[PDB]
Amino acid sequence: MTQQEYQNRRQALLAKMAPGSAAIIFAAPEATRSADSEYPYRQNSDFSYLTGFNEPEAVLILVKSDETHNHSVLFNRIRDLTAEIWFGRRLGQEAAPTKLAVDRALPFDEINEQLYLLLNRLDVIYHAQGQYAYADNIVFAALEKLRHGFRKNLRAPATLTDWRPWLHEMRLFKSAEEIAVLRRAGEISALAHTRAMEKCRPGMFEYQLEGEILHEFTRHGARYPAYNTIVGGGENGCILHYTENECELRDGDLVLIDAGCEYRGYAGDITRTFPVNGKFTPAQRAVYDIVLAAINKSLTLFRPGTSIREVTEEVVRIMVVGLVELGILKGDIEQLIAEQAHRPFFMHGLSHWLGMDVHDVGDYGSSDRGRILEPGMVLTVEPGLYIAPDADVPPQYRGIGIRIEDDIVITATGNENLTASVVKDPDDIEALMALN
């Protein structure tokens, strides 16, 4: 992101703040994987949003004096020749003001000696309480020094307000620079999904297909997935977060792959389901066709002024009609709709926000997701049907899990589909898989 993008975001947050206030935003702690080995570092999304700085042990403070004056202070790791030979290069205090466009930079290891002085006699501090223990302890120890420091003329701000609601509502609306990154994440994720369809063969293991996907992400500079990849063959595709990926892929089964890269801090999220052996059986194609009808209806409908709730009603109708046709449900369509009889087979939401997190921040309005869509929102569109191996249905449909998922951007006139470059028509899938 450009300097101006990050400064715009900081200034937008500052605009919400009161005079005589400071917002404090913390980096993610490091995560142990085992003993002294750590997982590859993933910076806190909100901290990244404001800085693009991917070091741990860093804290940004935005201090608002009045409506025309504010300044910033960063705490971050010191330059140190020895830790740097060992553990890698660090930004340090000297370079940080110009690199990160902050006014002052201080060593993180002095944070407890310095932060309280920064917050002294402010009115409000903005902090994300409960997010990280280490951050809470720092902020709370600072406030207690101030409460106990009357003799030193110290005073604690009396109010602590969460900045998450404000910053998350910002993150809900993507800028052009963010859309461009999400476009590329979607294209990388699509290329990976095409590759999996091209490489899949009976006898391969689910984890071998995951390996194809992850290798594709890495070629294009997305080293890490945005979430643990699901490669669910046969009955495994009926488990929504199946990530064991430990089974042989069987001739005659479908495989459901839900995979998306993290590309410069933004997520793709694609699901495609396809026959392991390259030919849908009749029962597979029939369930597939309902899911495809659902996604295509959804893609036609998503636009400014509708909502996830409203498009979901149209999907449910399609599902109920189709399930009655297959004998999976029985009875009157409207009654079955009122009874939400699709729920044993479609048990999750149609769409979630997408962004720096795969389940992105932002207010859906309520648990039914009636928020009115507007340009710049980015969301998934992910209908599915999962018919358990022991479902009380005609036996030919048992053990079929299908989901089809694309990522879209709401535009002025409708939506842009960022992931349509990997096929979803079942004949197209079969043709693609026949080339190989």
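Sequential numbering from 1, following the sequence displayed.
Stretches 158-166 and 75-83 differ in mean C-alpha B factor, with the higher average recorded for 75-83.
Stretch comparison (382-390 versus 45-53) by mean CA B-factor in the PDB entry places 382-390 on top. Taking the PDB entry at face value, the top CA B factor among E110, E177, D360, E144 belongs to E110.
Across the residues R183, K152, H215, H352, the deposited record lists the maximum Cα B factor for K152. Remark: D368 belongs to the highest third of its chain, ranked by C-alpha B-factor as recorded. Sort the modelled residues of the chain by CA B factor and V139 lands in the lowest third. Compared with the other modelled residues of the chain, the Cα B-factor recorded for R398 ranks in the highest third.
For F346, the recorded CA B-factor ranks within the highest third of the chain. Only modelled residues enter the ranking. Ranked by Cα temperature factor within the chain, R264 sits in the middle third according to the deposited record.
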